[PDB]
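In: Below: the sequence, then the experimentally determined structure.
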Amino acid sequence: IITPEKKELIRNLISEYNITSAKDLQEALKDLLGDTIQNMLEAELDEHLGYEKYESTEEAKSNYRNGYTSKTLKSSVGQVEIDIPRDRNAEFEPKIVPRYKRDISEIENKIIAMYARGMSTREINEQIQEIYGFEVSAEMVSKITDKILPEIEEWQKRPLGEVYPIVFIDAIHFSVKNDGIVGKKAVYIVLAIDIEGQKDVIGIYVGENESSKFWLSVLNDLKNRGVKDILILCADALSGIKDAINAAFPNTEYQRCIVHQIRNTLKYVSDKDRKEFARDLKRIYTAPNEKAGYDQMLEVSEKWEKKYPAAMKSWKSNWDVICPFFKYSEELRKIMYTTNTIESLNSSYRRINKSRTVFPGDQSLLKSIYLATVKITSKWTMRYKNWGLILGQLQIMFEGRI
Amino acid sequence: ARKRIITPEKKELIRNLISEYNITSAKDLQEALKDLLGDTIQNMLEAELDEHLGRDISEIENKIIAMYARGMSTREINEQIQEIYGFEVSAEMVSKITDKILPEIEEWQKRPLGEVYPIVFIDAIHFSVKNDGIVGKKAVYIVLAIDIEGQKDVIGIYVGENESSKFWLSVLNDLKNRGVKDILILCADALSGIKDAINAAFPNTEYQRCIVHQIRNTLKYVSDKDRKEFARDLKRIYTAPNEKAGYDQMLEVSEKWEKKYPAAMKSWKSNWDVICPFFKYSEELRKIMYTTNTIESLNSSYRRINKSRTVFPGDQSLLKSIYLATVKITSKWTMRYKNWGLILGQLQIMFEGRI
DNA sequence: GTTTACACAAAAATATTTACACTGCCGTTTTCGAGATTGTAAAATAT
DNA sequence: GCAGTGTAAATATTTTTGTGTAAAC
DNA sequence: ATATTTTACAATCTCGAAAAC
């Protein structure tokens, strides 16, 4: 309190609105808000209709002002009862409060943020009832979160770059209702690295289970958003990726995603033999050449086949596709296989969808994944390290490309 | 007060502020009220802790308690309260607001209990807290029983720093002082002095090792890929019709899984003789026994309330937090069980005079 | 007279239930990425 | 088995609107 | 001439989540 005018106003308020004790101050703030809204509405009515309170009109008019209504509003202070009459001919639109609005839009964004951070619709209802006094149903949360569908439709069709050096495709499965039955559907997330060294999600796609055409529709969409050339594409073995990648971007060299390979093989090992097993596995892909990597593969397979025999079978079966990973440099392959690039997104999505399991509709799952995606990408404004050297090696490998 | 007609001398106080703050929308007035009243509310609340020598309370303090109930840190509560009022929340402030509910928790921990409870579970969770300026590890034990009416109200909470038989006996005697005479079933993980105090207080009470902790502690050793089959085998372990068939299924799964996880089934084979056999009760009770997701729900909530990495010093703050977290849920899962009549009939047939 | 104020049906526009068609077997410590507060001296300011 | 879920459809709950008359001027 | 503030300058400390025991 440094303003003398506002301090005199505060004194007039405390001596005028009968401030008594702690139980009375909240009711006094509520009635203060109500009376301020009443004064503003009376001013707006006298300015719009023009006729003052019992003022001798100069001309003979046929219109009048009469009515009685009670609008039980609610705001940040809590539910507030108020009442302001209307005009006779039912022609008066209050601008401070709309003709049917009863809430405060300053908290709608916070409701959206609460839904995005992981809280459920009923949990948001409980919290709002606890801290804000008034009740907001779960269907109100659903309407609030539906009110941002055009924002998602606009986000998924934004202008992209020209050439992306590395782009990963990651599949994550969830439970959704379709055609009246709950099933397990996979939503795919495309995460690319920009030539500036930045990292950001390109797009999200749900449905059209394991179709070669669907992948092309994704790739063509990438083209329609303005993509011309992809150098590296890391993706787990799926139905129509490898087929469609040659149909859309034949110059794109394709490699099987290594971040899923290292994670999927540790599913067979125990919770205690994970530090050592990873260490040896780390030497499998940090080998200088492909023959050294194959030899380390044989060594670790023979070492851990006694306890976990089915762990290295996937490596031995797919090593032919794992081969094109030893072409890239160490500083670039490290960026390729690092856990924070892909596993962080999956862990965050699982951490936000731990409560929500059975999404009623693909729209709800898309909305949830989009909100989680924005909440994570809001923190990826950092550049990569040693990006100049990586870009030099990339231009050396792919001449005339970047 | 049939109408909202007030003294018309407030129009000056309304108009001066509405013309100074340039209030063209409700947002302007809403952001102005907090700026004008935050310091006032802060300077008024800083005197409530001094008004006492050191009956509900104000609504703002109830809101702060509700915020502290969800498991929010002081910074989260500070942001949440600046979004409305605009002032900051200190450690002494939240400490006083939590201390103001000391009579309620002290009367709840001294609340008169029932007489005979058919089934009682006890779950222990350990945390690290600062006390008297030293960091230590204290264990809080929660006793949750189901009454003969079929309800599942929480019985009590007790914190200590010792797995000693003396403390356990003192807890049981405290429960006796609360007016309990007979407990029929006691579900508890293997601890140091459990069986000693159980035989000292209720020797006729049949005591069995809690199976929900056994399946959780045994599945911790298996891998993330060989967990579905291992779970299926354990399901065949505890869904067996008789106790000997269950013993045979346990031997089978042990001999099958000793090649990959030798130390996983060792606890089962080691403790099957002394506490494992729960197979006297019927399946209508055995299902509720091995599916009691309420204990794990409470434990998961307690883990979710651990946003404060180390709890605020002194045992009183952790006790307050655990009490409010337990009450906020138990006030809404006080509903009846299903097919409880059959279980009660089986219990009265098994325990004729209710021992 | 002039103008408002007000109880009541009737209509319009939201907020809350209801139903649904299913899902769900989980730690402790280390490290990390920032955020907040302030150490710390010293550079500018002044009682 | 008990506890959750996000939203389509369906109620339930206000607000607001037609007044025909009583009050404030 | 010294005492006071605030301010660069980070510097340290602290603190809320993913990662790894």
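Out: Now that the structure is in, tell me what you want to look at. Numbers count the residues shown, from 1 in each chain, chains lettered A, B, ... in the order given.
In: interface residues of chain A facing DNA strand E?
Out: Within chain A, the residues that sit near DNA strand E (C-beta under 7 Å from any atom of the strand) are A:271-272, A:274-275, A:278, A:339-340, A:343-344, A:347-348, A:351. From N, CA and C alone the C-beta is placed, and that goes for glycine too.
In: What are the neighbouring residues in contact with the closest residue to residue A:316 other than its chain neighbours?
Out: The shortest distance from residue A:316 to any non-neighbouring residue, by C-beta to C-beta, 6 or more residues apart in numbering or on different chains, is to residue A:301 (6.9 Å). Residues near residue A:301 by C-beta atoms under 8 Å, 6 or more residues apart in numbering or on different chains: A:312, A:315-316.
In: how close does residue A:301 sit to residue A:277?
Out: Distance of residue A:301 to residue A:277, given as C-beta to C-beta, to the nearest Å: 12 Å.
In: Over to residue A:243?
Out: 34 Å.
In: Closest residue of the stretch 101-250 of chain A to chain B?
Out: Going by C-beta to the nearest C-beta, chain B is nearest to residue A:130 of the stretch 101-250 of chain A, at 4.0 Å.
In: you'd agree that residue is in a helix?
Out: Yes - Residue A:130 sits within a helix when classified using DSSP: H, G, I helix; E, B strand; the rest coil.
In: what about it, how many neighbours?
Out: Neighbours of residue A:130 under the rule other C-beta atoms under 10 Å in any protein chain shown: 16.
In: Now it: closest residue in space, sequence neighbours ignored.
Out: residue B:66 (4.0 Å).
In: which bits of the stretch 1-150 of chain A sit near DNA strand C?
Out: Residues of the stretch 1-150 of chain A lying near DNA strand C by C-beta under 7 Å from any atom of the strand: A:51-57, A:61, A:64-68, A:85, A:88, A:100, A:102-103, A:135-140, A:143.
In: Narrow those to those in helices?
Out: A:138-140, A:143 (DSSP state H).
In: If any of these are buried, put those into a PyMOL selection.
Out: Typed into PyMOL, the line below selects the buried ones among these, using 16 or more other C-beta atoms under 10 Å in any protein chain shown:
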select buried, chain A and resi 140
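In: Helices along the stretch 201-350 of chain A, start to end?
Out: A:212-224, A:241-248, A:258-265, A:275-285, A:290-304, A:313-322, A:330-337, A:339-352 (DSSP state H, counting those that start in this stretch).
In: among the ones you listed, which is the most enclosed?
Out: Greatest average neighbour count among these goes to helix A:258-265 (a mean of 18), per mean count of other C-beta atoms under 10 Å in any protein chain shown.
In: and that helix, is it in reach of DNA strand C?
Out: No - Helix A:258-265 is not in contact with DNA strand C by C-beta under 7 Å from any atom of the strand; minimum separation 13.6 Å.
In: Starting from DNA strand D, give me the distance back to residue A:54.
Out: 5 Å (C-beta to the nearest atom of the strand, to the nearest Å).
In: Kindly write the PyMOL command that selects the buried subset of the residues of the stretch 1-150 of chain A next to DNA strand C.
Out: To isolate the buried members of these in PyMOL, using 16+ other C-beta under 10 Å:
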select buried, chain A and resi 136+140
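In: residue in the stretch 251-400 of chain A nearest to chain B?
Out: residue A:267 (4.1 Å).
In: And for that residue, the neighbour number?
Out: For residue A:267, using other C-beta under 10 Å, the count is 12.
In: Check residue A:312 too.
Out: 22.
In: Hmm, residue A:299 and it touching each other?
Out: No - assessed by C-beta atoms under 8 Å, residue A:312 is found out of contact with residue A:299, at 10.4 Å.
In: Cheers, nothing more for now.
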